[PDB]
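Below is one structure, written out as structure tokens, with a few remarks after it.
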2 protein chains.
Amino acid sequence: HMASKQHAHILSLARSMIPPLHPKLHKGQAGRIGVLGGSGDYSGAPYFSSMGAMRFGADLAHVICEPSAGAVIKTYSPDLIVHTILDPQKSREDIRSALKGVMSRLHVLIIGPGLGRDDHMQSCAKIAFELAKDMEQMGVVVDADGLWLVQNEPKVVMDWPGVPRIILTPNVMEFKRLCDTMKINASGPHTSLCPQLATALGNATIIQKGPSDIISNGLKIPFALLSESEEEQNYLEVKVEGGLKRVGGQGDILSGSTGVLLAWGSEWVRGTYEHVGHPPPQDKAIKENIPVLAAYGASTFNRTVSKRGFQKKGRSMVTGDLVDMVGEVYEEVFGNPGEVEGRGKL
Amino acid sequence: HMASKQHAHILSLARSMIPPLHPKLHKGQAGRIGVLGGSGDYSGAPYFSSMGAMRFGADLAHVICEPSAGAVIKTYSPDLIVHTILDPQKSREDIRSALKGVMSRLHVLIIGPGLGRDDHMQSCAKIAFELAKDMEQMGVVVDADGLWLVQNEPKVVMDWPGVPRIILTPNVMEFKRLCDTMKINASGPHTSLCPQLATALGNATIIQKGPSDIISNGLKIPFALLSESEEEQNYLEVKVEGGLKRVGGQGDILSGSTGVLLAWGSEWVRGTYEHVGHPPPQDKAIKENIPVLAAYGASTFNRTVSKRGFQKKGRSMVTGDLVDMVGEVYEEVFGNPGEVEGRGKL
Ligand code: NA
């Protein structure tokens, strides 16, 4: 009853973030997304995240990776811009300098897909975190072994300037490790753990991936989003049915679409889309909660694309099948409803 | 008459091994499969086996190979996890250590596709055999030049701990060589050679590939499987019609699907699927004969996918065409019959 009303309401707020396809927009204004990862043999995950982002709607998707992984990733698609700049035969300052150059052309950096845990790549991600901190209009999505870095040095996300702009997407074990680091007692109420962790990490937005996804920034969900004399819940729960085939890169589809929605919503609040009929929202609660809306919309989208792929492929489904279906499922969840709602060609 | 009854019966037992697609299962529980091979120029076979396994239904398929072959294999699919750890510029203990790390995350290792006969790769396979022996819940499928190693050192399969968990898939010449090594007289009754060889190799399960496939572990096929006052046959014969176009990697499709069925059946007997409605079988004969059931189901499947590909492509068919058809033929042989039998979404 009220749960489907609330789900539809929050999804419509996420849809409000999406710029119209419009003659006055030029290349880049609908999102420049980067993926930092691709170490050694781990070249699938950064492809799934970056190509997922491109098929979802980024104008430009970049991969920032090691040379060996980058050579493979480039063969998967000429549309990806692959920067093989995380060369372990390069000085740390030379890597900082190259990373800063690429990052200065990004709206959002997804840290983690194929990152691994070795010292070189963990240092590269830490440099990326440090640079993104000081680029006040940069958003960050952190996944996979990017979250290994956060659990080892939580300060890399704590105390950032500008609007909040960080989304973490831990699986079950990554979530447990983050909770352990931040002294969050596992015996607490199940739906209170993610809000406590987000609070402990400075109100970053966290997608606690699970049978359902629990999404929180540790703050009550303001009246603009959550649906009496009681306080608004401090978490949202996505129970959208996904598919049953567990593909290895499902989480990279999530991070890529999360990054795009984060970029769109952040540019929206900044005013970039005002001249094409999408002015920023009046409500400051919406501005403060862009990462929650991006996370909620991406979680919803990710489950739906998993479901639609599974309906098509069944037991045989692999993550690569989902990449081909991102576009048609985007039209289902966001594009056609938004156009019919009068938001323009979404 | 009774032959089609028996074929249908044994296939239904193999279908009983397959876990349901189910919300309570998570990534990995429906099979982590590895392929050890890919030496020098021989990168097609390990792709066909690992991608065959993924399209058949493994959650995760890994390739363990040399760097040069691995670089090519990665370009074929971002969904394969390719470990380029069999570097001949690496110490033997460093290779043992890397192999153990990867193998500790596998249910089944398929040794042989693109392995070759050179000293380095034969040693890598022997290390893999030694490690798998001591990982009591690991299954092994041995094909192609993996069987060259067995004919040179048969003890690598003899006297293993745990449930039986080895399947050999020799072609005609590999079968003749194994028989020669184990002193099996070629003048014996044709259907007695495979049971004698399996017995000599410690009741490993052997798929004697041929016009028909003769499958044996050297033991009588227990009452749970084989269909009076006479003893149950000690071999099964798959006469399922295959296609007529001899593609180079047909045997890799077989080994990949064999590995998946072996993983499913082994986890099934272990109890992993009890909580989703597939408890282990009551009959200990079924538990002891998982490798025979996996071999029988895979042999059946392999012929059917060859037939269906040939119906579609005729003279032009190549192995790559079969990879694309694994999913639809799995639904034909296993998925839809099993669902209609009430086993859940298979
Ligand atoms: Na290619």
Side-chain angles (χ1 to χ4, degrees), chain A residues 38 40-52 63 67-77 80 113-114 117 171-172 209-212 239 241-253 303 306-307 309-324, chain B residues 18-32 50-65 67 70-85 98 102 260 264 276 323-331 334-336 338-339 344-346:
Chain A
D41 289 326
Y42 291 95
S43 42
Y47 164 75
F48 291 136
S49 183
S50 60
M51 198 78 205
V63 176
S68 287
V72 173
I73 294 162
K74 286 169 191 176
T75 74
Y76 296 147
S77 174
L80 297 176
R117 297 189 183 176
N171 68 22
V172 167
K209 295 191 298 188
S212 73
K239 297 179 145 175
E241 193 183 14
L244 299 180
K245 175 68 189 290
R246 307 308 182 202
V247 291
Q250 185 80 60
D252 308 305
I253 300 301
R303 288 154 171 273
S306 164
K307 179 66 154 167
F310 180 69
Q311 290 174 320
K312 179 182 175 207
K313 300 295 198 194
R315 178 69 77 175
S316 77
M317 192 184 98
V318 302
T319 313
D321 301 327
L322 296 185
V323 172
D324 305 307
Chain B
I18 302 178
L21 290 148
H22 194 290
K24 291 178 180 156
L25 294 178
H26 57 250
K27 183 178 71 178
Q29 292 180 307
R32 305 157 176 272
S50 60
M51 198 78 205
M54 256 178 34
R55 286 298 192 188
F56 186 89
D59 277 354
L60 302 178
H62 305 249
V63 176
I64 304 165
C65 63
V72 173
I73 294 162
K74 286 169 191 176
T75 74
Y76 296 147
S77 174
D79 275 288
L80 297 176
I81 306 160
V82 177
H83 309 268
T84 56
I85 59 165
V102 177
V260 181
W264 283 344
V276 292
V323 172
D324 305 307
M325 301 175 66
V326 161
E328 80 185 59
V329 179
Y330 170 94
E331 298 296 343
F334 296 111
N336 174 69
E339 187 159 3
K345 219 300 190 179
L346 289 205

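Quick note on labels: first sequence line is chain A, next is B, and so on, each numbered from 1.
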> Where along residues 76-83 of chain B does a heavy atom come under 4.5 Å of chain A, listed by residue number?
Replying inline: B:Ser77, B:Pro78, B:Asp79, B:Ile81, B:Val82, B:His83
> Do any of residues 243-252 of chain A have a heavy atom less than 4.5 Å from a heavy atom of chain B, and if so, which, in residue order?
Replying inline: A:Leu244, A:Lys245, A:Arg246, A:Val247, A:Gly248
> What part of B:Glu328 gets closer than 4.5 Å to chain A, counting heavy atoms only: side chain, backbone, both or neither?
Replying inline: neither
> Tell me, side chain or backbone of B:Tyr330 under 4.5 Å from chain A's heavy atoms, or both, or neither?
Replying inline: side chain
> Between B:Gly57, B:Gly28, B:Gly327, which residue shows the highest count of heavy-atom pairs closer than 4.5 Å to chain A?
Replying inline: B:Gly57
>> If we define contacts as heavy-atom pairs under 4.5 Å, which of A:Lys74, A:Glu241, A:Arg315 has the most with chain B?
In response: A:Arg315
>> If you count heavy-atom pairs within less than 4.5 Å of chain B, which of A:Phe48, A:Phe310, A:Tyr47 leads?
In response: A:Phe48
> Within a radius of less than 6.0 Å around NZ of B:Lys24, do more than 12 heavy atoms belonging to other residues, nucleotides or ligands occur?
Replying inline: no
> Who pairs with B:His26 by side-chain contact (heavy atoms from CB on, under 4.5 Å), at least two apart in sequence or on another chain?
Replying inline: B:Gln29
> Who are the side-chain contact (heavy atoms from CB on, under 4.5 Å) partners of A:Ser316, not counting sequence neighbours?
Replying inline: A:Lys313, B:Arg55
> With only heavy atoms counted, which part of B:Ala30 is less than 4.5 Å from chain A, the side chain, the backbone, both or neither?
Replying inline: side chain
> Any idea which of A:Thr75, A:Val323, A:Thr319 has the most non-hydrogen atom pairs under 4.5 angstrom with chain B?
Replying inline: A:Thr319
